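Under PDB author numbering, read the first sequence as residues 6 to 160, 166 to 240, 268 to 374, 387 to 391, 399 to 443, 454 to 872, 899 to 1029, 1391 to 1571, 1579 to 1603, 1613 to 1634, 1637 to 1689, first letter to last.
Built from N, CA and C at the ideal position, the CB exists for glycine as well.
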Amino acid sequence: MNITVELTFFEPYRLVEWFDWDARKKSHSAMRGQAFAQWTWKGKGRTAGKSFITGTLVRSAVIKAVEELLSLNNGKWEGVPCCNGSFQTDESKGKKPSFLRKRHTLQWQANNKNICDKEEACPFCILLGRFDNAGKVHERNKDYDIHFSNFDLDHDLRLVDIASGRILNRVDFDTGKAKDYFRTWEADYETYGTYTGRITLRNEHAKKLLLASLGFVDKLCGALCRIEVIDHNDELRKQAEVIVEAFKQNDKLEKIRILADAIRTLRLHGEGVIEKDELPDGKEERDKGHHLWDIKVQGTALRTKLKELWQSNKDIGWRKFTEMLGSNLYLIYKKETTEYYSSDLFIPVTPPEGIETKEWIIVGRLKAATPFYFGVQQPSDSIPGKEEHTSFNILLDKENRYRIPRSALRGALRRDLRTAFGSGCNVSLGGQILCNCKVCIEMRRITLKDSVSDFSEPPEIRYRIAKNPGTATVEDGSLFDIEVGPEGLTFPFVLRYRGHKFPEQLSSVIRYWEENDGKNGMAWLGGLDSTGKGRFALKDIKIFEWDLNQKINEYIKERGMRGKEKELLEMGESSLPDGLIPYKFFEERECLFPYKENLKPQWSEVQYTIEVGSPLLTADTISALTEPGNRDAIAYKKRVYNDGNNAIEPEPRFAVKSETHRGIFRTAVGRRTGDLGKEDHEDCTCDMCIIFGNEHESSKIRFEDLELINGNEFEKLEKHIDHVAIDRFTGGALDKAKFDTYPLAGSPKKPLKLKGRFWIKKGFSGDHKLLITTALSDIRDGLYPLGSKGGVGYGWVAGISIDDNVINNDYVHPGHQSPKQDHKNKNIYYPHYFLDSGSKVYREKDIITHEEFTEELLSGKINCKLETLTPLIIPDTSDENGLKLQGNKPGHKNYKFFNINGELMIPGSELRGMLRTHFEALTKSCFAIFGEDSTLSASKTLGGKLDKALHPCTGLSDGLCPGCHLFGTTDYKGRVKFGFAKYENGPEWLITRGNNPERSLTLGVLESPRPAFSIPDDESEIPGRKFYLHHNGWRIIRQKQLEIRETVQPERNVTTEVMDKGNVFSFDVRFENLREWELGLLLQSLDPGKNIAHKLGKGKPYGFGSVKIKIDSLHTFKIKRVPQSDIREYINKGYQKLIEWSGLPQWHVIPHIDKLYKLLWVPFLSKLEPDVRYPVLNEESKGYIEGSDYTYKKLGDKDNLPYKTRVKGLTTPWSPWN
RNA sequence: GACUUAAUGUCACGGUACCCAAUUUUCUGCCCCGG
Ligand SMILES: [Mg+2]
Ligand SMILES: [Zn+2]
Ligand SMILES: [Zn+2]
Ligand SMILES: [Zn+2]
Ligand SMILES: [Zn+2]
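Encoded structure:
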């Protein structure tokens, strides 16, 4: 007599390839998956087949359930008693069973009236098949008193349709690294989770118990069960290959990788980012467009090629098309550039009479308190049919919902239970006996569920670099990315303990994982916990219990709520099933001893807030390539799930990444102990390797995101700051070298508050805790700016708040003779002159590394004030209509003064480039920026005519010039960081009555500098660095301010906010690992003399920007305030370095230093007021004084003066040109 | 039926795809003579 019987899975069950019992021992995977669902191949080719569950496995589960049920009812079921059965086949009697039981079999007291034999037997002996005609060798199906047929899948079927190959893990508790790994085929329970078979039972005497047993089997094939009675990829890989080939024709293979990431980010922007062409077009200055999306692939641009690819691949979705194209591009870029599976003994266990076995069900929501990462292999390597990387995908199910797998949740629960108990074993994989440590005994009663989320938007991608310790730049080829689900994402957490009493340790773990009003949830599920990926908070926790000793038939009838825990969590006490009563004495964490002693002090919280008084640019490089806008650098923002809104929040939260926070702390620790300078970290017991982990041991500190909590306070949170690179010989810039960053608008009196936190392991040393707070103090002092452009002055830490739950230079330059002998100022000088430095540039291959704070070298901070001697123009070029007067005059660019959050600033890029020009001129160093590609009108280019040692330092194989050594190189971070100059005291603006904005002041037209005047013929070379005189031609501009607005066209001049002379700024120069002479030369580059000033900003040939830097304080840590005498010692030892390069310090003895200081001499600092201005173009030109003969026709003609005397008059500072 | 089990004995829910890695380095939004 047969019954048909269907078993339904409710989580992804495990599938293995079917092998027969003799050939099953050859493969370790099938030895592992004896208890799994088997998969055989219907035809040849190893691509299609049939899945089934063996009847021996279902019979093993039913017999285990029968043992548990008869132990719960003390050997009886519905009146008829059962004996203890048999589980000991003698080898002398016959062949052993194919599966030998290793567990502790539950054996009760046998109270049957008669012994069990062929004529009469108990339901235990009958369901076991003790006394039937069937045996170890199967002949016919009619010899079975009880028969379990194979359970065939109820739905040719291919393996890739049903299963996904997944690598599991075995993480060591002491080290945190996986000891080994193994593979399963996690099969789709939603489509192929129903398996139908037949059970043939002959006599009815063991019938009802069997219908009990089908209601009591909770596990088959690695999943929860209810058992009831009754090609685009090939063509896209080809097109990605031809895209990689077209990029390799341009030698842009290294961009292909980030292109893959860019395409893998395009799934977050929908179809319209390609259909409506919202890809960035690149800067309009460069005629070639975008550096990535306008690359010609087979004659057409990459944006239109991607349009054609999407139009050819509209059959698959946009997410699948972008994921497959980015995966193919990453795989082609990767191509072009341990595994462990697995004396019989019968162990009877008799529980005491009167004991109460119960089943606790703990249901809750597993909210992601942090962005989470559950690791999976690449889908090219995770093919179930066919069986180092740098791009890592998060784990998803068949419909791209995020999942917490049962294995990862179970391993994290095992780790936390090993923490809660004092002791714990490492899980042996082939023990014939059960492990007797407390963690294994408690987790043998614990069952969980594979959680999946109701949210399926694509993961954010976290991009990560390793900084080179020596150069403090990105290590080449070390960029790698992972995929994160958002924080706030909730997962249905299911736990089920099957035991006599609920353990104190597991309740301590559940209170440890749960979040409260003053407690953080602490379920570290997933990967990269060191970067704080996957800290989950348990919430909405409800525990109920089935009292299985007396209320067992309605545990069987409801099947333990094994498919409706989602129903169980929402619904309340009134609709609860019979036998399932809520759990009242779940003990709180205030009196749970293994929580308070072992779990609560295990990870100590240090939460703090970083006040950043600078703009903050943690660059999202891929997001600059996918989001619309022409910004090369935008701040990092991340997607955060809102559980209340059940969606991603519409505003992304700006944050400094937890990996950036972790790396900042890691270099802060490793620099103070010198552990960053180690060439390798393998089996290292260094302080940085103990605290932050290595490739063999996990980190004992965990870092979360520095989330910006101040972002609602700023009116415009993202400030636009556009920088440009200034040529050294032409005073203008290069349009192709312009780059605009988009940092967060941070500033001194309106700082960015960044809420970050890190967790410390229990057992930190007295030393290592002091290293951690010393790293925190180093960040607090401002040693480590956050994000990019730290040398430019971005992301500077003004301070750190810890939560309660945790001089003048006395040198006077003589100047030039002609302005001092001209009291009436009838001489007219050129607005710029060229520093006549030779071709000798000293280069050092002994490059000072950034990996440690060297004792003999000097590191500190210079507090400098900045006094404007003439009015200063630092334009805010983000708004080309910052003064709002383009409506009256179209095309007339008008800028405000540079300001972040209303308060007035000078960027440290301007100060840094100015001091870089002064230091490069001071040290006779290389022309670090030059227009190589420009031609004159001629046989050679501009860069060809420049000297070879005057060329910019490219790479660190050759030496670096002192300007390139101090301020940096593309391959080497600079050792000086120039802060943004805040404004304190002065007259603020230069008010002029003729202007409609009295703050503003229009200047003359600023045309491009002409090297044809400076280099007249082919024989003349580059004369030198162009510097501008310190004069008061701004007074001349102010006098003819009425005439300027009509004599020239509006689209040729600019009207800008102008800060008056006498204004005081304050800026910090944080210097790092400088020599004794380098600090002195830098301090001399700040304050060169009594009558020496500096020129920065717009209007330098017009007299604007004459600024005086004087130093209040030099602070040096090894923290102390350096006195005046040691400052003079540093400056004097820099002076001796200048003499040994040339071969009270008197600077004018050095000829090029004398010429540079004469260029930067201030004649009006006295009664001198020289009028210097450019000559007019012709005799009939505007602003020409008649009889002066100061037209450009006179100086341009070689008959009036020779070419060489014009070059000599351009190289002589303050030489009279009239 | 068979693909596809063996039946007096399947802890495989017996195993966290773990572990390490600062998307940053460099760059004054600058400016005068020809056609
Ligand atoms: Mg039998
Ligand atoms: Zn019996
Ligand atoms: Zn154990
Ligand atoms: Zn180390
Ligand atoms: Zn250089």
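Pair within 8 Å by beta-carbon distance, residue i and residue j
| i | j | result |
| --- | --- | --- |
| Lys782 | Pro967 | no |
| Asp547 | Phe458 | yes |
| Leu837 | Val735 | yes |
| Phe1022 | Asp741 | no |
| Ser34 | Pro440 | no |
| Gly853 | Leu683 | yes |
| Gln668 | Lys835 | no |
| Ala486 | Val575 | yes |
| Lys1479 | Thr1683 | no |
| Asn664 | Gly488 | yes |
| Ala589 | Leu462 | no |
| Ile899 | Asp1521 | no |
| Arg655 | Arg577 | yes |
| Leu591 | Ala474 | yes |
| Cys956 | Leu1598 | no |
Helix, strand or coil at residue i according to DSSP, with G and I counted as helix
| i | result |
| --- | --- |
| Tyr563 | strand |
| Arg625 | helix |
| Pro86 | strand |
| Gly54 | strand |
| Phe136 | coil |
| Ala425 | coil |
| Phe1011 | helix |
| residue 163 | In the model shown, the chain runs from 160 to 166 with nothing in between, leaving residue 163 without coordinates. |
| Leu111 | strand |
| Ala734 | helix |
| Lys1016 | coil |
Beta-carbon contacts of residue i that lie in its chain and below 8 Å, excluding the five residues immediately before and after
| i | result |
| --- | --- |
| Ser519 | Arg467, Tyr468, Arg469, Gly551, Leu555, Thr556 and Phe557 |
| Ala283 | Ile332, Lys333, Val334 and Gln335 |
Beta-carbon contacts of residue i that lie in its chain and below 6 Å, excluding the five residues immediately before and after
| i | result |
| --- | --- |
| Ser929 | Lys1016, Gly1477 and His1621 |
| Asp1623 | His1617 |
| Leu133 | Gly90 |
| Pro694 | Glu315 |
| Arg530 | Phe546 and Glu725 |
| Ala66 | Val227 and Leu230 |
| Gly598 | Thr426, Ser724, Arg768, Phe769 and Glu770 |
Nonlocal neighbours in the same chain, by C-beta distance under 7 Å from residue i, ignoring five residues either side
| i | result |
| --- | --- |
| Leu296 | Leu329 and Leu366 |
| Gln1502 | none |
| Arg1428 | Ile940, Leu1419, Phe1524, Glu1525, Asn1526 and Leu1527 |
| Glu570 | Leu658, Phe659 and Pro660 |
| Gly309 | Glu315 |
Three or more C-beta pairs closer than 8 Å, one from the region 430–441 and one from the region 601–610: is that the case here?
-> The count of Cβ pairs closer than 8 Å, one atom from the region 430–441 and one from the region 601–610, stays below three, leaving the stretches out of contact.
Any chance you could list the alpha helix (DSSP H) runs of at least 4 consecutive residues sitting entirely within the region 204–237, in chain order?
-> Fully enclosed alpha helix (DSSP H) runs of no fewer than 4 residues occupy 217–224 of the region 204–237, in order along the chain.
Evaluate the contact criterion for the region 189–205 versus the region 85–103: three or more CB pairs, one atom per stretch, below 8 Å.
-> Verdict: no, contact absent.
For the region 1515–1524 against the region 1431–1442, are there 3 or more C-beta pairs whose distance is under 8 Å?
-> Touching, yes.
Jot down the residue ranges of each uninterrupted alpha helix (DSSP H) in the region 770–857, minimum 4 residues, whole runs only, in chain order.
-> Runs found: 832–846.
Tell me, please, whether the region 1524–1540 touches the region 969–986 by the rule of three or more beta-carbon pairs shorter than 8 Å.
-> No, the region 1524–1540 does not touch the region 969–986.
Counting pairs of beta carbons, one from the region 837–849 and one from the region 859–866, are three or more of them closer than 8 Å?
-> Contact between the region 837–849 and the region 859–866 is present, because at least three Cβ pairs lie under 8 Å.
Determine, using beta-carbon pairs with one atom in the region 767–775 and one in the region 812–828, whether at least three such pairs fall under 8 Å.
-> With the rule of 3 Cβ pairs closer than 8 Å, the region 767–775 counts as touching the region 812–828.
List in chain order: all unbroken alpha helix (DSSP H) runs of 4+ residues lying wholly within the region 285–333.
-> Within the region 285–333, the complete alpha helix (DSSP H) runs of at least 4 residues are 290–302 and 309–312.
Return the chain-ordered ranges of every alpha helix (DSSP H) run that is complete within the region 1461–1489 and spans a minimum of 4 residues.
-> For the region 1461–1489, whole alpha helix (DSSP H) runs of length 4 or above, ordered along the chain, are 1464–1467.
Using 8 Å as the Cβ pair cut-off and three pairs as the minimum, do the region 119–133 and the region 205–222 touch?
-> Contact holds between the region 119–133 and the region 205–222, because three or more Cβ pairs, one in each stretch, are under 8 Å apart.
State whether the region 17–24 contacts the region 231–239, with contact taken as three or more CB pairs (one from each stretch) at a distance under 8 Å.
-> Counting Cβ pairs under 8 Å, three or more are found: they touch.
Could you tell me whether the region 1450–1457 touches the region 1488–1503, where touching means 3 or more Cβ pairs closer than 8 Å?
-> Three or more pairs of CB atoms, one per stretch, sit closer than 8 Å, so the region 1450–1457 contacts the region 1488–1503.
Taking 8 Å as the threshold, find out whether the region 920–927 comes into contact with the region 802–818 through three or more Cβ pairs.
-> Taking 8 Å as the limit for Cβ pairs, the verdict is that the region 802–818 does not touch the region 920–927.
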